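In the structure tokens that follow, a single protein chain appears in two forms: structure 1, then structure 2.
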Structure 1
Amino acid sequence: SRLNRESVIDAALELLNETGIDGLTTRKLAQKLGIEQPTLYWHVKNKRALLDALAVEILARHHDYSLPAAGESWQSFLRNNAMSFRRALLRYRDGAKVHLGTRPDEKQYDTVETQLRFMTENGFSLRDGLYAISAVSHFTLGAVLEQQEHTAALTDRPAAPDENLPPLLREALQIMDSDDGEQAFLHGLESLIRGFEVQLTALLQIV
């Protein structure tokens, strides 16, 4: 079919969403596209190339809160940004796995510069701003990852009997599985943001 960047990415993203990160192989991508492998190799040289581009395009399509509103608090911005990041990562199977270990792409430079600049404008050093942004990303990535993988592990094998569970775990597990991970994520998110605040506002005060 069509082999421009957009369509290769389209198809890869579909393939990723079907079969996960394990099924995103250049052989299987060729089959989806209805092409031979040397044809695909002209456009895509290897899996890592593809993963990097999927990471970028997942956010370009589905990460709608990359930048703060006018006069937005840094706390509101991080909260909205994280929610948005999470939603984007959850949109495709292994979406979070695809992002891991990437660094911002040239197409993301202005955006991520603005984010970094905004944190500094709000009282953070670059370093402390970056630590906050990293922490929010990492927390969100792990939350999504554990959600997405747990759901995949369910399809493979079942959990063991309820019968053997000690009571707080048994209850913990019901809570965990009472939603998709969203409640615990939002709660963790506010914790995290408030700790940044405690840190920012302490300035030199031992805190």
Structure 2
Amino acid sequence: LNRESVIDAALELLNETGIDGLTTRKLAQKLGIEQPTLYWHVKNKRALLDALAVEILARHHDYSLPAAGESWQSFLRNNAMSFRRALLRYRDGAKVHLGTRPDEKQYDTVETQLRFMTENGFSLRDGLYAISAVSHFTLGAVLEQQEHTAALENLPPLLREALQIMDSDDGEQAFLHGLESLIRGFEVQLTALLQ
């Protein structure tokens, strides 16, 4: 019963009780074992949470790299949609992710993304900023959609209808809309530099 099987029952426990009901003792009982034994498998809870973050991405975030011949617009779009989709598969996934320090084992993936931007028109900073903007927006978005989904009158007109809209989707179209907003903003800034 590995550390691999521990990080598994942990992801099941995340989807059950959320990031706060995910307590050492509940995990042990899931693994049929006794509490301080988990300390054999994991350094500590923080270590365990970083584990889950990496695990989620590795497990669902397939589109980390640009396909051959793909436009930056299409990459950024595809990457962000894969990113968000990974976070959304687990309860509190975005929060769990936010706590983790960036993974050293993906240094190569990161650098390839950077290079890809320089080759499609961007200087280094503009590619950095472009990629950063996209993941910041995507993060903020999933965090909110997830906090809205969870949480377990006399609203003014516009607001009333507005909540009804986000309520419809969960935020999907809102997200897809802000994504394109960023890309079009990147296009217009690029053709403004070439100009």
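Note that the rigid core is defined as the largest set of C-alphas that superpose within 1.5 Å between two forms. Numbers follow structure 1, counted from its first residue as 1.
Trainee: For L100, is the CA shift between structure 1 and structure 2 at least 2 Å following rigid-core superposition?
Mentor: No: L100 shifts by under 2 Å between structure 1 and structure 2.
Trainee: Core aligned, does the CA of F124 move at least 2 Å between structure 1 and structure 2?
Mentor: It does shift by 2 Å or more.
Trainee: Using a superposition on the rigid core, decide whether the Cα position of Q183 changes by 2 angstroms or more between structure 1 and structure 2.
Mentor: Superposed on the core, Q183 moves its C-alpha less than 2 Å between structure 1 and structure 2.
Trainee: Fitting the two forms on their rigid core, what distance in Å separates the Cα positions of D110 between structure 1 and structure 2?
Mentor: Its C-alpha moves by 2.1 Å once the cores are overlaid.
Trainee: What is the Cα shift of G195 between structure 1 and structure 2 once the core is superposed, in angstrom?
Mentor: A shift of 1.8 Å.
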